[PDB]
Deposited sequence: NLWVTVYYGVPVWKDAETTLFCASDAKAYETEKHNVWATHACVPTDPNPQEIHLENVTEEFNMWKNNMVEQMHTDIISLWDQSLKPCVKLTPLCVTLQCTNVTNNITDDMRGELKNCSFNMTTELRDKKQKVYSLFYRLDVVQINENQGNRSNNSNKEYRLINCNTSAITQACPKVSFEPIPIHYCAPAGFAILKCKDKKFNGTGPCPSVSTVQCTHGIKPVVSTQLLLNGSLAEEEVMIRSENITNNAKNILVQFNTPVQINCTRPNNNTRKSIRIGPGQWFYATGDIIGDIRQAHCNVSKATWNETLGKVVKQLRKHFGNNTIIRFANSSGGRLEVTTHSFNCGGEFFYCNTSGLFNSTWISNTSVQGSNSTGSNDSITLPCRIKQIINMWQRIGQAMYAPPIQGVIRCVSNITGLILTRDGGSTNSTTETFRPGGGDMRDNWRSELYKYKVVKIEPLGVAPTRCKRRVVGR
């Protein structure tokens, strides 16, 4: 029984490392630079301690997404000359009254000493008046606006996070996993499938669903200060569009630099509205509330209210379908009381100057999309925030929250975990080296 050496033994230790991307038109997330993907191995009698809220993959993905977002904004047009006094008037070709502003401003041409008086349409959320009236862009006193490249697409292309050689990613396949604790059924896949870098709040769009029933995953179900990632088993399809027939007009800011204005509108002016099947949403809410009654008691009243308040990005459901950023008002979704063919319409609002990652001093102007935008997605999860109670009430109010994109991407990298292999193993065995 002398010390013997074994190489290639299957032993791992939890550790953090840099994971590259593999992806099966350019995008803000450079999937073209990712390696071409190709492999699933089951692990018998293994018990692995997972933790969705201490997973380093979430922070790594958030940093990578931010870096890819602000990298693609570097070679694009910089809209510094746009920060001028805009003489704006109401469009007047309707509930979208005043929400489309007709603004004219002095403008530089290819010659430095020649001025030009051009016009462009700006949404009311994109301009703030200065005390026809004088207006300026909403982000002329905080951030430098950098117009997004017209060719670069914002479409979420799936990416796969493959660990480097000598590392493995353990994928828990338990169908009743609350995000924390040992997972008695683990697998081992070198990459991560079904990862879509979608940006949204209060509604996880185009995500990966649960397997059998709606999962309530929270770090602290008792502490109300933490979010509650709900995940759906059956998708709730969302239908919505921008009925306005927009026209994109190119205005020169200077030599070889075009500012794609909003031009003019063709047809009638209609509010951007998001539609969810009322029966589908009601059934999904019933299933979800049945799930929450598990952690709060059967005789506990569950109440759903709209967002409490704050920034428009966290107050309203804000996605980016079609290249135009929506800020849909979800007050008509979470409004009910639960006691033990028609479609709900959501009055969205549209912005163009966006500061996605709550970054101070860096914003982006989204070029208007020509034609009519229609996007169909389906909600695979919610981000609810239980309000603080008085600990003596029967009702519990769950208002959608969010704002932390990491909380969105934690709904996908919850089942994975990166480990470092220790293939060198010492043990006793009846050998003696001659």
query	finding
Missing CA stretches, deposited numbering from 1, N-terminus first	1, 26 to 32, 47 to 49, 105 to 107, 146 to 155, 365 to 376, 471 to 474
